[PDB]
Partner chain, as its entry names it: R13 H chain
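One chain follows as structure tokens, the form deposited without its partner chain.
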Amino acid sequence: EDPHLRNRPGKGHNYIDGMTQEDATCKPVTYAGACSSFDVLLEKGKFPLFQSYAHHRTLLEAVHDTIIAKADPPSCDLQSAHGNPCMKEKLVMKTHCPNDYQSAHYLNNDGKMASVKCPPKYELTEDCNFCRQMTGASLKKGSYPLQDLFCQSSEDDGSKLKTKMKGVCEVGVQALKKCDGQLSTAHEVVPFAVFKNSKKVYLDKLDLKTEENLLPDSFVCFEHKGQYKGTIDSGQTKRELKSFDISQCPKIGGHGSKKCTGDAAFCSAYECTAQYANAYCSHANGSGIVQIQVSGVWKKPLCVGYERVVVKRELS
């Protein structure tokens, strides 16, 4: 995990649909290169959740791997007559966009991916609510991630599931009940999740558990880029590592187009050859099937995250 963060589960596609010019280095993300939609997820202290579950998918990876659908209108333009579809939802979130972003993206209350967006040569203001003429010569080429989040594949149905928080009148968009009285208001960093046929379900607590397993996404595989340097051996520095697709590796008593080796876990399911290996495969720390307890019950979510939103609570 430590040196294999840029070795992504699935495709590893970190770009937003209207924004191609950075694909040579974000489609896929890998050990080499920079990516303005992704490198930002790895500055420590920011994005702590995703950092802990780093070998699960980003939101952009979720959509390109068809786990998450794109919102009805994929992006909202702040400059217009208004730009209203996103606006309501965006204003309830408190966000800090760096300079030079034309886009920024988030899971909407509907569970789709929406983005907030400026016309060409216009950037997002520090709070991400407005567009203004750019001030360098360079716009970044990504979209900026607005929540702290990871995603996975799931078929566990959650249409029965819904936000409930104790004495909360409002959280983000969601009105939970009517509070006649005087309310305390604050921006809180609120955990949430979305499931198959659900909307965003905000939560009082985050209670997660993980089953580790030996499925393909629980490994990261690498090889030497370049001319032949001898065996591949879990050598981490002096690296010209590219990423490597584990499906090429033969399972025990199976066909495969390449030759492989790996750690003990790997050699328990896949065949291993130290000498002739094209690639070495490691087990990814903190990978697996995540479930979440939604007030009494364990369910397998599509995505889980944190979001800084306005919360109104009754007193007493």
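Numbering follows the first chain given and starts at 1.
Omitted from view is the form deposited with its partner chain bound, to which the following refers.
- Contact check at 4.5 Å (heavy atoms) against its partner chain in the deposited complex: none of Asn109, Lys196 and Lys200 pass.
- This chain is displayed without its partner chain, yet in the deposited complex the stretch 25 to 33 from 264 to 272, 44 to 52, 25 to 33, 280 to 288 comes within 4.5 Å of it by heavy atoms.
- Taking non-hydrogen atoms only, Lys141 approaches its partner chain to within 4.5 angstroms in the deposited complex.
- In the deposited complex, its partner chain lies farther than 4.5 Å from every heavy atom of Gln293.
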